[PDB]
Amino acid sequence: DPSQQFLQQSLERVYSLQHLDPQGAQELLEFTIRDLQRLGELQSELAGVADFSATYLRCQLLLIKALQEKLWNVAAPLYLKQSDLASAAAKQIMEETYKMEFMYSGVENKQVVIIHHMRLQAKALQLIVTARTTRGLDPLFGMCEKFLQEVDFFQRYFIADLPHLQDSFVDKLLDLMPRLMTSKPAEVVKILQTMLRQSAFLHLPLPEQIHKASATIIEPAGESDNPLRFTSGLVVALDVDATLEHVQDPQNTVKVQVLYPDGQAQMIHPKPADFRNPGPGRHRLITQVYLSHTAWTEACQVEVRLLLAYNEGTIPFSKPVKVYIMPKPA
Amino acid sequence: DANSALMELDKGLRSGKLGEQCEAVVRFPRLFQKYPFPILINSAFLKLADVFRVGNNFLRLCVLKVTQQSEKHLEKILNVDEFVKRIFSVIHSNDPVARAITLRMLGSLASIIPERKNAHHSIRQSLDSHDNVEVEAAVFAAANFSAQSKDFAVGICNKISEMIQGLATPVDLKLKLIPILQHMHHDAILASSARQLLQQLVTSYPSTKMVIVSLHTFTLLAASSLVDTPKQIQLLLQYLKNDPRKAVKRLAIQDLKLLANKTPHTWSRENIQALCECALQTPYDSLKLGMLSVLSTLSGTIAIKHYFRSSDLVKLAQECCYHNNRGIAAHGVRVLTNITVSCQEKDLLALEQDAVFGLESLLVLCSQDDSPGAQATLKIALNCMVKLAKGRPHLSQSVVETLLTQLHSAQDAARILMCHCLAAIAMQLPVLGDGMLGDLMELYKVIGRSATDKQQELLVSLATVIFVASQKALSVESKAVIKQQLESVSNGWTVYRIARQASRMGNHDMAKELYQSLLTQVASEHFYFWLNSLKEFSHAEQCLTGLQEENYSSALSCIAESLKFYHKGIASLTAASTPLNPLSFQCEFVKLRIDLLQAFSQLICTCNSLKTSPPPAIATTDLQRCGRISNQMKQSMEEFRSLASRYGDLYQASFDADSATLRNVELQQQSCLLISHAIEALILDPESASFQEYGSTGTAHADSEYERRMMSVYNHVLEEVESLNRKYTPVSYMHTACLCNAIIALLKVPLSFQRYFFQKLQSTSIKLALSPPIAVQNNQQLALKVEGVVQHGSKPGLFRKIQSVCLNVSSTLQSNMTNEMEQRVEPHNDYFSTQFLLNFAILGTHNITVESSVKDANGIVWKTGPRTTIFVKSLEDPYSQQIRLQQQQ
Amino acid sequence: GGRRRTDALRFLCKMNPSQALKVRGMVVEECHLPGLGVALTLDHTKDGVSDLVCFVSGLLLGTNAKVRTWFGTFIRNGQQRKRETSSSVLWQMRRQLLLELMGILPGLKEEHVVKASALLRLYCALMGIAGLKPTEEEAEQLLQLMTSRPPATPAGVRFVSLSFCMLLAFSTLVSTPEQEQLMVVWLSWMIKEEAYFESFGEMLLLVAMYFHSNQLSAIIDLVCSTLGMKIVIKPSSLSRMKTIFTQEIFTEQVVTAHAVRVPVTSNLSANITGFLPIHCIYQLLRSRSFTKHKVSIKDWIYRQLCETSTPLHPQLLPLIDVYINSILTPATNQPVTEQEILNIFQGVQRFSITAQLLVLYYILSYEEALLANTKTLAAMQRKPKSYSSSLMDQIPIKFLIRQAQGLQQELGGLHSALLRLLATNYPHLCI
Amino acid sequence: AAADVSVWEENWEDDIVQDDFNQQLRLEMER
């Protein structure tokens, strides 16, 4: 079929053209990310594969953009925080790597090693960016030895997968392991930067079957309904119905977040009895989430969203909905 | 007020005379531009829809025109059901014209009502109507709804297919029906079925009109679906090569240009080879020009890297760059330049000089014509030369020599364009400036003797390259320029623009002279104050050009003189500030320039403070043993850190500024941070001096000579500090020597006034209307909604675009920051809205402040919008007050 | 305490004069001790105009309203400090400003006209916002400044406009007969002077018209817009102004005679601003002044309508409306002739599209008004001279309506009014 | 069928955007 052929062709095009200049490389990555997002929008079965690959390519694009910003960066005391987006890039790669690890199904270990390798790259980038700012030596030593411990744990866990990671960041890092162990933090940061820039883009082996974890809140619906009244101080129960697609263990992972119009946020852990399983890879969540707040002058709207949890930390995976509540006193 | 004007129109629509009603209806869109908030838009659209329901057909057409004009504001209607239902009631009229207008309105409203089943059924029923106007309106509405909703597209594709293939349909309606198929991209199987249908159409209806519409629709469908795009390119190349009709070939060229612009990465080597062969073996020049336009579009993208010896592309480009046709020559030389700068492969360096000589020959061809097509080709050639000078710097000398030789034998418009090219090349590579000064000065002398009308632009262009090309100051060239201005030029505007350029490149004595000359020419007093302030700033910057390398007393005197003139200038500039021209960036920029100069003066004083000896009581027991100088260095460090913070504040309050101005502000902030770091690492904390000054950029690609000078000063100061880290105790004269020398180095490079100091281009704002001396009960906490629209002037996203809006709300009592909360909201059609919840548990008076911030596409946060405040009078309710009083009593 | 602190800082700045203006900047930043700032700028001045004029003008007319209020309170409080004597720095800087007035007084020079303009605006700011009450000598030298003759440049036009607005606003500072004859002879010279092409006489005529029609609020708006500040004028003095103006200088006859010869603004548009001859002609036409004097402006209206540009001026449509109203109201102004507007539509002298649309708007509105005002004929059919059907057949109504629809936003309410007229009188063009 | 490109991308002479301040300054000081 043409969709799979196009997907494989685009990925091969990205992999082959890794000798380009940074501008050409990042514009090729942007083109391919846009193409994969559109292909995910069109096809249903290849939405998972397209979004998985596009997330990986977005991680790589953020990494190379941050390294070009580092090329734009200069000596440490002259560093400007407002104009830098490398730390934001590292955080974004962090959250996207979590997304590929957990928010997709059918992920074999051969993809988990690549996800963790990109995670290690993001941690190295965050370490380097922090070193660009911090004038303290003790915190720098602390984060440096933490990163080296993370590298060691990666080497321990994925020891059987290292031959598949030729010319990678972690491979070259493991080559010069004891020197990094016994070097000064500033020297470590410098060689880490140089090795990040010279690292090779690892191929992402596609799984045979993979689907994105999706959820659809359907019971509250649009805000055309009248506000829920008489809630001042006491509780109002909002019935939540949702269809969850391709979540193997939703009970321990799916959570319900409620965001009131103030900064307060509520986190809810539904019991397994709420989840129903009418079909394979297609759950049905029915439950009540209890909301309470003081009296309001005007009927504001409260945002209710479904999140996935991983182990800590959480990531949203459902479209937010809003419902109006008028907690009138009496 | 919004509602007053809306009533003013409403009495117009209620008059009953058709003229007044139509007048009001077409007066509506200006109201939306004045008041883009959903309350007015909602009420306006409801009454417009009522008038549509009851009005005659001409009024309905006026309402349709208004709806088409205001497709941005219809996301803000909110009350969609009533509006649409009272619009939709006219589809049941027996009048086919009224039905057609209703169908066109539904097509115009398709974005806010997709998946509306009654509308879908109306389109389907009107498609097989017997009234041609109704059928055309149904086709238009079907196009819109297929663009919006997937279910309508899948439900309509079969019917559209049967009407197109149906023998009873005329050819004109078949033409009108084919572009519906470009919206069948919602699903892979739907797109494949549409592709098959379009293939059947091109093979079975090979008329010029029908094949053109079908191929264009197939191209758009392939672009939207981007899975059939390779074989769509192959099909277009097949039609380009085989079909003999010039119109079909021209369409194929346009479609391939569209695909090259959209998806250059999907082009294979075989596709580019086929296109090159087609360009090679075609006899017609217009078609060849079209294919070379496609190939020049491709060469500027990554498709050139995918294409890679002497191939058909290089052979074609070399053949085309010596063509008689100027457009073909421009496209060929653009392809050659793109290959040369993008591909550093050493197998194709023989065409490096072919590119240079082709550009030079194209200069000779385009210089004398002074025609708009020739001017366009000349602009293309000069852009290519600028790109080639950047990409291959060893060719810069030959490019500059060609431009200089061609300057003496070119028309005035051509001379202006090559002056722009020379300015670009000399801004990026200032080493070539010295080699071009003689020719430029000679041409400036000969132009100024007979400068009548068009030479004013030539004069400012020539002065711009003179100032840009001059790495150092001017002594005799300055005299020549002043003489040329004073001899003939009564045009004050020319003098002002040349002075602007002089202050841009730091030639502040010339700028001072010209601004002094420009006084008494203006009529308005605020412009007089503005020019006087510019003259004083130029004088102030000229004052500190006479800084000796080690003379600190001379430095202190020069900074004092500069500060005197700067204070005169800022008083004048404040006098020049007016409403709707506040000069806020200029005022803040020169205020931060007045600071960091008196901070420099204080640091010069503290250099000399070391000569006033420390006390003996403190001298008997590490940094306190220094005495007063230690605390003074601490104060100076804090002052410079605060100055860097203020420069950053100016940076992120300059969302509308061009990139060069922002880089200038960054340089000033970095100079502040450099002085602060030097003070810290030499006096206050040498043990915590952190890592070495390992410049990640190294040989950074500076965009101006001011950038190069600033970074060179920074690197030299950091090298000096690093070599002096722990070599001396903080009582040292060498630390003060290094600091004072850093002051000298920073000040000896003249300040550059950038574009935003003079020209404001983007001018984006926020309206920020928020729902309201307002009484709030103690128990009931306020529900505050803030709505805002981002405003623009002319081209909205000239430098950057708003990605999201951050709304920070804070509450200060007794008008202190008791209600911090933020909400990043994405403005959809330049409009955002959100609700806030504000606690007022503590009784009293509360000052609510809301400050809009802008997060651009990259992610940088800008503090743009107004910090508008409202005051809230929070009082305990009578019920709780009475109950507590009774309980206590 | 404040006096001793100010004196101490004054001595400190005398010891370090290079940093005196830095201390003045600190004063305006911290926003207290304004007398210290004034004294520092005075000791600094002790060419341009002066640091004093720049400093106090920026203080009273800057964007910062807190500084404006603070300095206004300073001026008010200092004014009560014995009403004289050099004890307060207020009188010192007042004497310095008066000395500058002597400096720029003479025919005014080409170089001093802009300085005079800035000084005059500063005095306006003082007596209007800061509540300064001038002394007799200050008022005398102000009047000596206003009545000067600049050398007919745009700066001269601006200076004369500002001086005229000062006289209109602060008319209490004349208060004497010799200054009254000085200002009336200056006004007569200003009337005689009409080479100011290269917007002053329009203002003079407009204020005369407003005086005749008792549109005092219009005069205050004109003065506030020209000066660039909000001032309360206490219009009893404006009533004294109206008496002298109307009875001695500007009768209706001289107003009409000078206005009918006023030129037409070439390339008219909403972009060019300020008070323009179109405003003058509109004001007379609304006051019904020409039928009282039997003088034609049909040529003027037609010539102005040919000299319009795309960002339509907001006064063209009311001008055409009141002109049509003037035609059909008794004797009356003559409407434009057949050949006069056939030249407009001779193509399709290439006239601008906005000129064509204004002439079309005038024609359709004229026909509508003729149908609506058949009661006031009182003559033969050729007196109103309803337009011939042949000329109407020559006019491309639909083409111009489509063109106007193509330029909706640039033409203001012209497109809407044209569509109104089309839907009212041409339903066959509304199919 | 054409496209526009600028020779110098920080040239201050381009009239792509016209702002009010420079407009009145030009109209006020050009001869």
# chains A, B, ... in the order shown; residues from 1 in each chain; ligands from 1
>>> residues_around(residues="segment 399-404 of chain B", least_positions_apart="3", cutoff="10 Å", atoms="only C-alpha atoms", output="MDAnalysis selection string")
chainID B and resid 356:357 359:361 363:364 382 385:386 388:389 393:396 407:409 415 418:419 421:422 425:426 432:433 435:440 443
>>> write_last_selection(atoms="N, CA, C and O atoms", output="short mmCIF file (atom, residue, chain, number, x, y, z; two decimals), in the first residue's frame")
data_model
loop_
_atom_site.label_atom_id
_atom_site.label_comp_id
_atom_site.auth_asym_id
_atom_site.auth_seq_id
_atom_site.Cartn_x
_atom_site.Cartn_y
_atom_site.Cartn_z
N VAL B 356 30.25 33.42 -11.33
CA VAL B 356 30.70 34.81 -11.15
C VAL B 356 30.58 35.59 -12.45
O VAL B 356 30.04 36.71 -12.49
N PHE B 357 31.04 35.00 -13.56
CA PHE B 357 31.01 35.69 -14.84
C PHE B 357 29.59 35.82 -15.38
O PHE B 357 29.27 36.81 -16.04
N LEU B 359 26.94 36.22 -13.46
CA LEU B 359 26.38 37.33 -12.69
C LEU B 359 26.86 38.67 -13.23
O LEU B 359 26.08 39.63 -13.34
N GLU B 360 28.15 38.76 -13.57
CA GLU B 360 28.70 40.00 -14.11
C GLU B 360 28.09 40.35 -15.47
O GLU B 360 27.76 41.51 -15.73
N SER B 361 27.95 39.35 -16.35
CA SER B 361 27.33 39.59 -17.65
C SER B 361 25.88 40.00 -17.49
O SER B 361 25.37 40.84 -18.24
N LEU B 363 24.71 41.65 -14.93
CA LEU B 363 24.80 43.06 -14.54
C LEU B 363 24.91 43.96 -15.76
O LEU B 363 24.20 44.97 -15.86
N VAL B 364 25.83 43.62 -16.67
CA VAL B 364 26.04 44.43 -17.86
C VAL B 364 24.77 44.48 -18.70
O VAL B 364 24.42 45.51 -19.28
N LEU B 382 21.64 40.47 -8.16
CA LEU B 382 22.35 41.05 -7.02
C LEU B 382 22.12 40.25 -5.75
O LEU B 382 23.03 40.11 -4.92
N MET B 385 24.47 37.45 -6.05
CA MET B 385 25.83 37.86 -5.74
C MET B 385 26.05 37.99 -4.24
O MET B 385 27.12 37.64 -3.74
N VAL B 386 25.07 38.54 -3.51
CA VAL B 386 25.17 38.63 -2.06
C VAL B 386 25.29 37.23 -1.46
O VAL B 386 26.15 36.97 -0.60
N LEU B 388 26.34 34.51 -2.95
CA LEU B 388 27.61 33.92 -3.35
C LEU B 388 28.77 34.49 -2.55
O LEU B 388 29.72 33.77 -2.22
N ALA B 389 28.72 35.79 -2.24
CA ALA B 389 29.74 36.40 -1.40
C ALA B 389 29.73 35.82 0.00
O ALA B 389 30.79 35.61 0.60
N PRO B 393 33.46 33.16 0.45
CA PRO B 393 34.10 34.46 0.71
C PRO B 393 35.32 34.76 -0.13
O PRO B 393 35.68 35.93 -0.28
N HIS B 394 36.01 33.74 -0.66
CA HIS B 394 37.17 34.02 -1.51
C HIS B 394 36.78 34.64 -2.85
O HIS B 394 37.65 35.20 -3.52
N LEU B 395 35.52 34.54 -3.24
CA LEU B 395 35.00 35.21 -4.44
C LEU B 395 34.53 36.63 -4.18
O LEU B 395 34.10 37.29 -5.12
N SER B 396 34.59 37.09 -2.93
CA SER B 396 34.03 38.40 -2.59
C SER B 396 34.76 39.53 -3.29
O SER B 396 34.13 40.52 -3.69
N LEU B 407 29.48 50.25 -11.55
CA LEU B 407 28.82 51.42 -10.97
C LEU B 407 28.99 52.66 -11.84
O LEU B 407 28.08 53.49 -11.95
N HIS B 408 30.16 52.81 -12.46
CA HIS B 408 30.45 54.00 -13.25
C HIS B 408 29.73 54.04 -14.59
O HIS B 408 29.75 55.08 -15.25
N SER B 409 29.09 52.95 -15.00
CA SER B 409 28.45 52.85 -16.30
C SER B 409 27.07 52.22 -16.17
O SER B 409 26.69 51.32 -16.92
N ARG B 415 22.13 51.74 -10.26
CA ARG B 415 23.15 52.18 -9.31
C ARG B 415 22.67 52.02 -7.87
O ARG B 415 23.45 51.61 -7.00
N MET B 418 22.79 48.18 -7.01
CA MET B 418 24.15 47.70 -6.73
C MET B 418 24.74 48.35 -5.49
O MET B 418 25.60 47.75 -4.84
N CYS B 419 24.30 49.57 -5.14
CA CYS B 419 24.71 50.14 -3.86
C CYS B 419 24.15 49.31 -2.71
O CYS B 419 24.85 49.08 -1.72
N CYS B 421 23.54 46.10 -2.86
CA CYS B 421 24.35 44.87 -2.88
C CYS B 421 25.71 45.07 -2.21
O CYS B 421 26.15 44.23 -1.42
N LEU B 422 26.38 46.18 -2.53
CA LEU B 422 27.66 46.49 -1.92
C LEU B 422 27.52 46.71 -0.42
O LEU B 422 28.40 46.31 0.35
N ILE B 425 27.26 43.21 1.18
CA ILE B 425 28.54 42.49 1.18
C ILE B 425 29.51 43.12 2.18
O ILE B 425 30.19 42.41 2.93
N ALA B 426 29.55 44.45 2.23
CA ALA B 426 30.47 45.12 3.14
C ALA B 426 30.02 45.06 4.59
O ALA B 426 30.85 45.11 5.49
N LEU B 432 36.55 44.19 2.87
CA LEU B 432 36.44 44.70 1.50
C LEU B 432 36.05 46.17 1.44
O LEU B 432 36.01 46.73 0.34
N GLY B 433 35.72 46.78 2.58
CA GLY B 433 35.32 48.18 2.58
C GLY B 433 36.40 49.13 2.10
O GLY B 433 36.10 50.12 1.43
N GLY B 435 38.76 48.65 -0.07
CA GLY B 435 38.98 48.57 -1.50
C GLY B 435 37.93 49.25 -2.35
O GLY B 435 38.18 49.50 -3.53
N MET B 436 36.77 49.57 -1.77
CA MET B 436 35.68 50.17 -2.53
C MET B 436 35.49 51.65 -2.25
O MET B 436 34.59 52.25 -2.84
N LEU B 437 36.30 52.25 -1.39
CA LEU B 437 36.04 53.62 -0.96
C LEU B 437 36.35 54.63 -2.07
O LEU B 437 35.63 55.62 -2.21
N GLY B 438 37.42 54.41 -2.83
CA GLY B 438 37.78 55.36 -3.88
C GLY B 438 36.73 55.49 -4.97
O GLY B 438 36.33 56.60 -5.33
N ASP B 439 36.27 54.35 -5.51
CA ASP B 439 35.25 54.37 -6.56
C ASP B 439 33.95 54.98 -6.05
O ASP B 439 33.32 55.78 -6.75
N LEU B 440 33.53 54.59 -4.85
CA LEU B 440 32.29 55.10 -4.28
C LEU B 440 32.37 56.60 -4.03
O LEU B 440 31.40 57.32 -4.29
N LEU B 443 32.16 58.41 -7.40
CA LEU B 443 30.80 58.42 -7.91
C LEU B 443 29.91 59.33 -7.08
O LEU B 443 29.00 59.96 -7.62
#
>>> residues_around(residues="residue 214 of chain C", least_positions_apart="5", cutoff="12 Å", atoms="only C-alpha atoms", output="PDB file with N, CA and C atoms, in the first residue's frame")
ATOM      1  N   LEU C 206     -12.178  79.763  10.081  1.00  0.00           N
ATOM      2  CA  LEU C 206     -13.001  78.855  10.867  1.00  0.00           C
ATOM      3  C   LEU C 206     -13.376  79.460  12.213  1.00  0.00           C
ATOM      4  N   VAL C 207     -12.422  80.108  12.888  1.00  0.00           N
ATOM      5  CA  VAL C 207     -12.732  80.757  14.162  1.00  0.00           C
ATOM      6  C   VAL C 207     -13.691  81.924  13.952  1.00  0.00           C
ATOM      7  N   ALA C 208     -13.539  82.661  12.845  1.00  0.00           N
ATOM      8  CA  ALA C 208     -14.496  83.723  12.535  1.00  0.00           C
ATOM      9  C   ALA C 208     -15.904  83.161  12.348  1.00  0.00           C
ATOM     10  N   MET C 209     -16.014  82.055  11.608  1.00  0.00           N
ATOM     11  CA  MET C 209     -17.303  81.414  11.366  1.00  0.00           C
ATOM     12  C   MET C 209     -17.924  80.925  12.663  1.00  0.00           C
ATOM     13  N   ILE C 219     -14.460  76.185  18.860  1.00  0.00           N
ATOM     14  CA  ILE C 219     -13.247  76.988  19.002  1.00  0.00           C
ATOM     15  C   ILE C 219     -12.316  76.360  20.028  1.00  0.00           C
ATOM     16  N   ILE C 220     -12.876  75.883  21.144  1.00  0.00           N
ATOM     17  CA  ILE C 220     -12.052  75.251  22.174  1.00  0.00           C
ATOM     18  C   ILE C 220     -11.423  73.971  21.640  1.00  0.00           C
ATOM     19  N   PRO C 235     -15.072  80.581  28.915  1.00  0.00           N
ATOM     20  CA  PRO C 235     -15.402  81.258  27.649  1.00  0.00           C
ATOM     21  C   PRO C 235     -16.050  82.635  27.741  1.00  0.00           C
ATOM     22  N   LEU C 238     -13.659  84.377  25.913  1.00  0.00           N
ATOM     23  CA  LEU C 238     -13.954  84.043  24.523  1.00  0.00           C
ATOM     24  C   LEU C 238     -15.131  84.851  23.986  1.00  0.00           C
ATOM     25  N   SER C 239     -16.065  85.249  24.854  1.00  0.00           N
ATOM     26  CA  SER C 239     -17.184  86.080  24.414  1.00  0.00           C
ATOM     27  C   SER C 239     -16.716  87.500  24.127  1.00  0.00           C
ATOM     28  N   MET C 241     -13.750  88.083  23.129  1.00  0.00           N
ATOM     29  CA  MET C 241     -13.041  87.826  21.881  1.00  0.00           C
ATOM     30  C   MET C 241     -14.005  87.844  20.703  1.00  0.00           C
ATOM     31  N   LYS C 242     -15.169  87.210  20.867  1.00  0.00           N
ATOM     32  CA  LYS C 242     -16.155  87.155  19.796  1.00  0.00           C
ATOM     33  C   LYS C 242     -16.666  88.550  19.456  1.00  0.00           C
ATOM     34  N   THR C 243     -16.927  89.381  20.478  1.00  0.00           N
ATOM     35  CA  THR C 243     -17.378  90.748  20.232  1.00  0.00           C
ATOM     36  C   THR C 243     -16.360  91.522  19.407  1.00  0.00           C
ATOM     37  N   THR C 246     -15.891  89.852  15.676  1.00  0.00           N
ATOM     38  CA  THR C 246     -17.002  90.022  14.749  1.00  0.00           C
ATOM     39  C   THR C 246     -17.231  91.491  14.411  1.00  0.00           C
ATOM     40  N   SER C 287     -23.979  77.084   7.659  1.00  0.00           N
ATOM     41  CA  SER C 287     -24.546  78.288   8.255  1.00  0.00           C
ATOM     42  C   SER C 287     -25.461  79.064   7.316  1.00  0.00           C
TER      43      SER C 287
END
>>> select_by_dssp(residues="segment 74-234 of chain C", states="helix (DSSP H, G or I)", output="VMD selection string")
chain C and resid 74 to 79 89 to 104 112 to 130 136 to 146 154 to 169 171 to 173 177 to 192 201 to 213 216 to 227
>>> interface_residues(of="chain C", to="chain D", cutoff="12 Å", atoms="only C-alpha atoms", output="list in words")
residues 153, 154, 155, 158, 198, 271, 272 and 273 of chain C
>>> write_last_selection(atoms="N, CA and C atoms", output="short mmCIF file (atom, residue, chain, number, x, y, z; two decimals), in the first residue's frame")
data_model
loop_
_atom_site.label_atom_id
_atom_site.label_comp_id
_atom_site.auth_asym_id
_atom_site.auth_seq_id
_atom_site.Cartn_x
_atom_site.Cartn_y
_atom_site.Cartn_z
N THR C 153 7.03 80.43 5.78
CA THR C 153 7.47 79.05 5.64
C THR C 153 6.50 78.17 6.41
N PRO C 154 6.57 76.84 6.25
CA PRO C 154 5.71 75.97 7.08
C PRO C 154 5.91 76.18 8.57
N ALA C 155 7.15 76.43 8.99
CA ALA C 155 7.40 76.77 10.39
C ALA C 155 6.70 78.07 10.76
N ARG C 158 3.01 77.25 11.26
CA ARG C 158 2.83 76.61 12.57
C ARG C 158 2.91 77.63 13.69
N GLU C 198 3.43 77.95 1.00
CA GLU C 198 4.78 77.42 1.14
C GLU C 198 5.75 78.57 0.91
N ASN C 271 -5.43 61.17 4.96
CA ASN C 271 -4.06 61.13 5.45
C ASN C 271 -3.59 62.51 5.86
N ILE C 272 -3.75 63.50 4.98
CA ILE C 272 -3.43 64.87 5.36
C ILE C 272 -4.49 65.37 6.34
N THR C 273 -4.03 65.95 7.44
CA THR C 273 -4.87 66.28 8.57
C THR C 273 -4.77 67.77 8.87
#
>>> interface_residues(of="chain C", to="chain B", cutoff="9 Å", atoms="only C-alpha atoms", output="PyMOL selection string")
chain C and resi 18-22+25+48+51+53-63+110-115+117-118+121+153-159+228+409+413+415-425+430-431
>>> atom_distance(atom1="atom CA of residue 176 of chain C", atom2="atom CA of residue 233 of chain C")
19.2 Å
>>> residues_around(residues="residue 12 of chain D", least_positions_apart="5", cutoff="9 Å", atoms="only C-alpha atoms", output="list in words")
residues 497, 501, 755 and 759 of chain B
>>> write_last_selection(atoms="C-alpha atoms", output="PDB file, in the first residue's frame")
ATOM      1  CA  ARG B 497      18.380  59.630   6.056  1.00  0.00           C
ATOM      2  CA  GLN B 501      22.890  55.890   8.391  1.00  0.00           C
ATOM      3  CA  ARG B 755      16.412  50.654  13.069  1.00  0.00           C
ATOM      4  CA  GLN B 759      11.524  53.321  12.289  1.00  0.00           C
TER       5      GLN B 759
END
>>> interface_residues(of="chain A", to="chain B", cutoff="6 Å", atoms="only C-alpha atoms", output="VMD selection string")
chain A and resid 42 to 43 71 to 75 78 135 186 261 to 262 295 to 298
>>> write_last_selection(atoms="N, CA and C atoms", output="mmCIF file, in the first residue's frame")
data_model
loop_
_atom_site.group_PDB
_atom_site.id
_atom_site.type_symbol
_atom_site.label_atom_id
_atom_site.label_comp_id
_atom_site.auth_asym_id
_atom_site.auth_seq_id
_atom_site.Cartn_x
_atom_site.Cartn_y
_atom_site.Cartn_z
ATOM 1 N N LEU A 42 -4.391 11.413 8.248
ATOM 2 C CA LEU A 42 -5.143 10.735 7.194
ATOM 3 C C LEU A 42 -5.462 9.292 7.556
ATOM 4 N N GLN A 43 -4.434 8.463 7.688
ATOM 5 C CA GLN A 43 -4.637 7.050 7.961
ATOM 6 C C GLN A 43 -4.920 6.814 9.435
ATOM 7 N N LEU A 71 25.918 26.748 19.664
ATOM 8 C CA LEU A 71 26.818 27.412 18.723
ATOM 9 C C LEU A 71 26.600 28.921 18.713
ATOM 10 N N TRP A 72 25.351 29.364 18.882
ATOM 11 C CA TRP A 72 25.092 30.791 19.038
ATOM 12 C C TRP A 72 25.505 31.274 20.424
ATOM 13 N N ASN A 73 25.519 30.380 21.411
ATOM 14 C CA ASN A 73 25.958 30.740 22.749
ATOM 15 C C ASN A 73 27.453 31.054 22.771
ATOM 16 N N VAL A 74 27.838 31.832 23.779
ATOM 17 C CA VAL A 74 29.191 32.341 23.963
ATOM 18 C C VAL A 74 29.581 32.033 25.397
ATOM 19 N N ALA A 75 30.730 32.566 25.835
ATOM 20 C CA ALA A 75 31.293 32.375 27.172
ATOM 21 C C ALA A 75 30.255 32.509 28.282
ATOM 22 N N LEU A 78 28.527 35.810 30.022
ATOM 23 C CA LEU A 78 27.784 36.630 29.074
ATOM 24 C C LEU A 78 26.485 35.984 28.615
ATOM 25 N N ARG A 135 27.616 29.273 38.404
ATOM 26 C CA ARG A 135 28.973 29.583 38.831
ATOM 27 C C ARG A 135 29.424 28.743 40.019
ATOM 28 N N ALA A 186 34.298 20.895 34.418
ATOM 29 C CA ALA A 186 34.329 21.767 33.246
ATOM 30 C C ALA A 186 34.820 21.024 32.009
ATOM 31 N N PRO A 261 -10.834 27.337 37.934
ATOM 32 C CA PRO A 261 -10.342 28.595 37.333
ATOM 33 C C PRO A 261 -9.222 29.281 38.109
ATOM 34 N N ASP A 262 -8.950 28.875 39.346
ATOM 35 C CA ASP A 262 -7.778 29.334 40.071
ATOM 36 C C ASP A 262 -6.598 28.406 39.787
ATOM 37 N N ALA A 295 -18.225 30.001 47.048
ATOM 38 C CA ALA A 295 -19.173 30.690 46.185
ATOM 39 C C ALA A 295 -18.452 31.547 45.152
ATOM 40 N N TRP A 296 -19.052 31.643 43.968
ATOM 41 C CA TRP A 296 -18.525 32.439 42.868
ATOM 42 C C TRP A 296 -19.541 33.501 42.474
ATOM 43 N N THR A 297 -19.045 34.679 42.089
ATOM 44 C CA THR A 297 -19.938 35.752 41.664
ATOM 45 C C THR A 297 -20.602 35.430 40.329
ATOM 46 N N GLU A 298 -19.850 34.849 39.399
ATOM 47 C CA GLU A 298 -20.351 34.506 38.077
ATOM 48 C C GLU A 298 -19.938 33.079 37.748
#
>>> atom_distance(atom1="atom CA of residue 367 of chain B", atom2="atom CA of residue 417 of chain B")
9.6 Å
